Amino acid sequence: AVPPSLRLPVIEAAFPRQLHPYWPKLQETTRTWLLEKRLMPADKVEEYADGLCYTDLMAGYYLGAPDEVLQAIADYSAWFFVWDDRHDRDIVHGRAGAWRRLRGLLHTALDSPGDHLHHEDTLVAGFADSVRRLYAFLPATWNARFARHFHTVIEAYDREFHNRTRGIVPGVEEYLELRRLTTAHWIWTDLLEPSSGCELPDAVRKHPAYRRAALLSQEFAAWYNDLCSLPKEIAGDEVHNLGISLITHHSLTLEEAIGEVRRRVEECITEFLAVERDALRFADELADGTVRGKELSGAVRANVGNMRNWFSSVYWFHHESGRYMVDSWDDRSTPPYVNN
């Protein structure tokens, strides 16, 4: 039963959940990978990993992905959650040097992941393993685009480190721009392509309806995370959340801010529904009778279908995952699954 303040009847009625058939194997394989890569302690893996639902989140999103693609994506996504936790802990403990060094190593590993498979920092080694595997599916031009996007993501995390150390809450537009990077909008969008087996040409993926559908799917993910993760984040002195920007700068109350975030989330859904029609029309137009046209049409259609699936996967993940269950923790500021 979703809390009333978080419930979205449109998602529940009109965005039916999907689950990839590889999910049962995926859950165990990513748990084993977190253990083998030492990304979490063994006892915390055993107690918490399945309950975190990270594999479920990806298996509800990249429908149709080959199993090996989904495995690499799921391992990368679990890594990404552990990195968010590492970042948080470095901020809380004032580890500016450790963060700066990790930031530099991730930029280097992202360009040369094979070189870093056995790095002393298991967080760097786990990143490099997942990225090397993601770089094995499509041409180097796709890999270069993934890297360009993730270099930008690393720098947004650096900006968050400085905001939280200086106590700066970004303004609303500043925040919204930053949040397209800390959510990694363009990484998840890039990953649609190995999932459907096709690197899309710039003229296809930059088509206005493809771009706007992709944007709105990720804005939903970001802002619905903000709505659901607000309690854990207030408890943990996190400053990055649309609700916090609204409270801090527009003098809204917590109740007013939650309402405004919810309204922005709801409008994202119905803006998506409008553009989804145009993006599927474009998929139709690509099927011009040629072999290449059929390939591009089917890839666009699968990708736009997964942009839709992200809404239901994100919605349910926030109510199933132990990541956000702050009421269940003895110390609300220290989630039991992080390394403190």
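Sequential numbering from 1, following the sequence displayed.
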task = Look over 260-268 and 73-81 in the entry and identify the one with the greater average Cα temperature factor.
result = 260-268
ask   = When the C-alpha temperature factors are averaged for each of 288-296 and 58-66, which stretch ends up with the higher value in the entry?
value = 288-296
key: Highest recorded Cα temperature factor - choice among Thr182, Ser196, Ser130, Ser251   = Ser251
Identity of residue with top Cα B-factor, from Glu219, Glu155, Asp226, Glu238 = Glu238
Modelled-residue ranking by C-alpha temperature factor, third containing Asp190 = lowest
request  = Report the third (lowest, middle or highest) to which the CA temperature factor of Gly104 belongs, ranking only the modelled residues of the same chain.
outcome  = middle
ask   = Looking at the C-alpha B-factor of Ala13, is it in the lowest, middle or highest third of its chain?
value = highest
query = Lowest, middle or highest third: where is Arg31 by C-alpha B factor in its chain?
reply = middle
message = Please say which third, lowest, middle or highest, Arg38 falls into when its CA temperature factor is compared across its chain.
response = highest
